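All remarks here apply to the structure that follows.
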Amino acid sequence: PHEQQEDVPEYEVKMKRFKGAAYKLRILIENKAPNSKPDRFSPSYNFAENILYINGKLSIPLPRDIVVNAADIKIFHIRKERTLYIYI
Amino acid sequence: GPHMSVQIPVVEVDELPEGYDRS
């Protein structure tokens, strides 16, 4: 052990397309690491790049085929499973 | 350019409300 870490969060992103639903895209980002030490969750959607970033570790880019806004973006973090559900 | 970015409020729930698709 010299430069190995376990406190590093390992997220896993899953993407799913929906047609005719309240959401057109479902994105699943769960935290699955040996340990990981998440602090806060401050996601934000930048219209400039049309990307919804979760934290300064990973960002979720939206396809330009979809019109997405802060009012359409549904972000819910379940602590029970340490999973972050994104519905757009 | 269109330098507009908005923060999205995240709700920390134990699961999504009815109507959502959870797996």
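Find the relative contact order for chain A and round it to a whole percent, using C-alpha pairs within less than 8 Å whose residues are 6+ positions apart.
Worked out over chain A, it gives 27 percent.
What is the fewest-to-most order of A:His77, B:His3, A:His2 by other Cβ atoms lying within 10 Å of their Cβ?
Listed from fewest to most nearby Cβ atoms, that is A:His2, B:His3, A:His77.
Just want the answer: with Cβ charges of +1 for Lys and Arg and -1 for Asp and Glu, which residue in A:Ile66, A:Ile29, A:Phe47 is farthest toward the dipole's positive end in chain A?
A:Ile66
For the pair B:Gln7/A:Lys32, report the inter-label distance in nm, with labels modelled 7 Å from Cα in the Cβ direction.
Label-label distance for B:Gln7 and A:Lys32, simple model: 3.1 nm.
Are there chymotrypsin sites (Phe, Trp or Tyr not before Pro) in the range A:1-34 that DSSP puts in a loop and that have at most 13 other Cβ atoms within 10 Å, and which ones?
Within the range A:1-34, the qualifying chymotrypsin sites (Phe, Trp or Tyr not before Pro) (loop, at most 13 other Cβ atoms within 10 Å) are A:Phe18.
Return a single number: how many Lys pairs in chain A, at a sequence separation of 8 or more or on separate chains, have alpha-carbon atoms below 27 angstrom apart.
For chain A, qualifying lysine pairs total 24.
Rounding to the nearest 20 debye, state how big the charge dipole of chain A is about its Cα centre with +1 on each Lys and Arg Cβ and -1 on each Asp and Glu Cβ.
Dipole magnitude for chain A comes out near 520 debye.
Please note: Cβ atoms are built from the backbone with ideal geometry, for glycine as well, and neighbour counts cover all protein chains shown. No value in this document is a laboratory result; all are computed from the given coordinates.
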